[PDB]
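Here the Cβ positions follow ideal geometry from the backbone for every residue, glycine too, while neighbour counts run over all protein chains shown. Read the figures in this text as sums done on the coordinates, not as results from a lab.
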Amino acid sequence: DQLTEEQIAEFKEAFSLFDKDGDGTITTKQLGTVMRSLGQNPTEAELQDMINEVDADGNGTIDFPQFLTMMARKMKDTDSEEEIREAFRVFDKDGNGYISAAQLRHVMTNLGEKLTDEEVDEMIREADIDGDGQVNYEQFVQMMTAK
Amino acid sequence: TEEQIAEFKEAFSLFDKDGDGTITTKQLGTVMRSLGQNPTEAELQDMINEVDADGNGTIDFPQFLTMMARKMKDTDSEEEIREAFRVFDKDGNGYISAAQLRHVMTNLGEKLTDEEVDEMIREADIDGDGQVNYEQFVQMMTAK
Amino acid sequence: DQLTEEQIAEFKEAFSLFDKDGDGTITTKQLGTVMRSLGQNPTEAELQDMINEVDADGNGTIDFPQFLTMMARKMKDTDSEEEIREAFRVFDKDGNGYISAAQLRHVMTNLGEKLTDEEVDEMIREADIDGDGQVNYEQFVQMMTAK
Amino acid sequence: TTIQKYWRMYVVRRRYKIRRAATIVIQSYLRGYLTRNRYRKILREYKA
């Protein structure tokens, strides 16, 4: 379970992107932004777990070897988008794939990882959901499938 | 047009120092960037491999004109570059910092050499921390 | 390639001209003047190539057999004034077809072969070239027509 | 929580890829004018 040199190069490219200091160190918030940018799939609790695994030494910054290590772990995770579709269907009270944007926002924010209204509006724009009219999420989870 | 093909042949002959009638892959890329088209490094290598699939390392004129058609399809208008910069620009008014541009350009895709960074900074006369327009820089690069 | 009798007669007339001593072995520096006044259109690089051929022949002096052979290789060159007009136009900064004589002198002398100032003035002279004003391209057309 | 994390990472990755492609095109365009200047210098020398 080791990253391919192509993915290693891409992740080093993102590493240099977030090397605002340029010394090879990544902040925990910077690491989370990197996680979002790479498409790897942690939980916020899992994000904190990875952060403390890195900070077992106490540096507070993420180096490239351990970076490749948890990236290997993350591709070992390999979440499925069909599970996301089933989660949406459970979320969809109608169950037909069409769910109101207000219900989506409420369930999206008031459970576990709270989200700002700005992120919810951004997701609505990305998912072309209508606040009043029901809009199918199947297109948005099809885009999720790309990852 | 025919004048464009004639000028391409003129550049082809002048760049060819040995006069063999077929350019080298390094010369190929040099004249690709020199002719006005903007080859992205991934697609630059893509066209390089498409040409060198025969393995000769030499570029014949008919396929050269065909991938000139490919290049002119590849060419992007100034408006796209301005819109991309505005997306990168926090202000969104066309005034962007040169330091942010330098870091983004160096980190993203190909590594941009510091001398080249200084070259484009002086051309665009954009301050590293100050907010200066990128647009006229784009049009004057297009004109050249 | 053997030319007509009148061709060789004119060639030997110029040969006797530039032969200040009449020896028949003319150095390279004067041979270049012979070539340019004879009717050829030789590149300075091509002139130096001819000089290398002469040096391989030896003594750096021209003989009429070698002279005739390099005639045979040189008459094949022909230039059209449209190309030179385009060269002057791209030399012109404004691109309107008119370049100042001082600007033309600077552009021609700074790069390429370092032509001397006296022959630049000789360009300005005998062609009605206005020094401060922009040079008429028809003057250059006539100058190349007279070669 | 799973949908929150998945949505935010996919959106950030998508915007990052768009930005990367745009900046790569920009870098190619920037090398373009310098190479154009070199080619123009070569033409100017030949014409001289």
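The table for this structure:
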read-out: Residue among D:5, D:17 that alone is surrounded by fewer than 18 Cβ atoms within 10 Å (Cβ to Cβ) and assigned to a helix (DSSP H, G or I); value: D:17
read-out: Any chance residue D:4 is away from chain B (no Cβ under 11 Å) and either polar (S, T, N, Q) or without any contact (Cβ under 8 Å) to a residue 60 or more places away in the chain (or both); value: yes
read-out: Search result, residues across the range A:102-128 that are within 12 Å of another protein chain (Cβ to nearest Cβ) and in contact (Cβ under 8 Å) with a residue 24 or more places away in the chain; value: A:104, A:112, A:113
read-out: Hits in the range C:98-147 - residues which are β-branched (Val, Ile, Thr) and in contact with a strand residue (DSSP E or B) (Cβ under 8 Å, 6 or more places away or on another chain); value: C:99, C:107, C:129, C:135
read-out: Any hit, the range B:90-101, residues being under 25 Å from residue B:122 (Cβ atoms), facing chain D (nearest Cβ under 9 Å), surrounded by 14 or more Cβ atoms within 10 Å (Cβ to Cβ) and of a type outside the set (S, T, N, Q); value: yes
read-out: Residue in the range B:135-144 that is basic (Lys, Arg), within 10 Å of another protein chain (Cβ to nearest Cβ), closer than 29 Å to residue C:94 by Cα and under 15 Å from the mean Cα position of the chain (by Cα) present; value: yes
read-out: Which numbered condition residue A:57 fails, given (1) of a type in the set (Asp, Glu); (2) under 30 Å from residue A:24 (Cβ atoms); (3) surrounded by 15 or more Cβ atoms within 10 Å (Cβ to Cβ); value: (3)
read-out: Residue selected from the range B:11-50 under the condition within 11 Å of chain D (Cβ to nearest Cβ) and of a type in the set (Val, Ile, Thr), by the criterion surrounded by the most Cβ atoms within 10 Å (Cβ to Cβ); value: B:31
read-out: Answer residue from the range A:1-38, given it is in contact (Cβ under 8 Å) with a residue 40 or more places away in the chain, of a type outside the set (A, V, I, L, M, F, W, C) and part of a loop (DSSP other than H, G, I, E, B) and is nearest to residue B:108 (Cα to Cα) among those; value: A:24
read-out: Failed item in (1) within 13 Å of chain D (Cβ to nearest Cβ); (2) loosely packed, with under 15 Cβ neighbours inside 10 Å, with residue A:81 passing the rest; value: (2)
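Residue-wise test of (1) over 22 Å from residue B:115 (Cβ atoms); (2) of a type in the set (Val, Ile, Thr); (3) facing chain B (nearest Cβ under 8 Å).
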residue	(1), (2), (3)
D:15	yes, no, no
D:22	yes, no, yes
D:29	no, no, yes
D:33	no, no, yes
D:39	no, no, yes
D:44	yes, no, no
D:47	yes, no, no
